[PDB]
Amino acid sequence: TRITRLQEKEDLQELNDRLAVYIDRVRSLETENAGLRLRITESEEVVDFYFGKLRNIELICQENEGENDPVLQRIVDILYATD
């Protein structure tokens, strides 16, 4: 096929329409991406906060092993339990 300048004009409009839709999708995905990066940073800060508490409790239990305290022994079993 050889094509009219009018069919080209409509072909150009089609491409411009799809370009607008893909730009919208980029904007939506960039906003989502920014929110996910914030959420992972905040979640990792909570992990570090809680992990620090567990490490300090571990140190207190280790320092008091001489006491032979069954309550501290139960806490050590919680600290060292797997998932």
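Residues carry their position along the shown sequence, with the first being 1.
- Query: In the PDB record, does 37-45 or 23-31 carry the higher mean Cα temperature factor?
  - Reply: For C-alpha atoms only, the mean B-factor is higher in 37-45.
- Query: So where's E63 on the chain's Cα temperature factor ranking, which third?
  - Reply: CA B-factor rank for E63: lowest third.
- Task: Grab the CA temperature factor for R18 from the record and place it in the lowest, middle or highest third of its chain.
- Result: Its C-alpha B-factor, which the entry lists for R18, ranks in the middle third among residues of this chain.
- Taking the values exactly as deposited, rank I3 by C-alpha B-factor within its chain and report the matching third: lowest, middle or highest. It falls in the top third of the chain.
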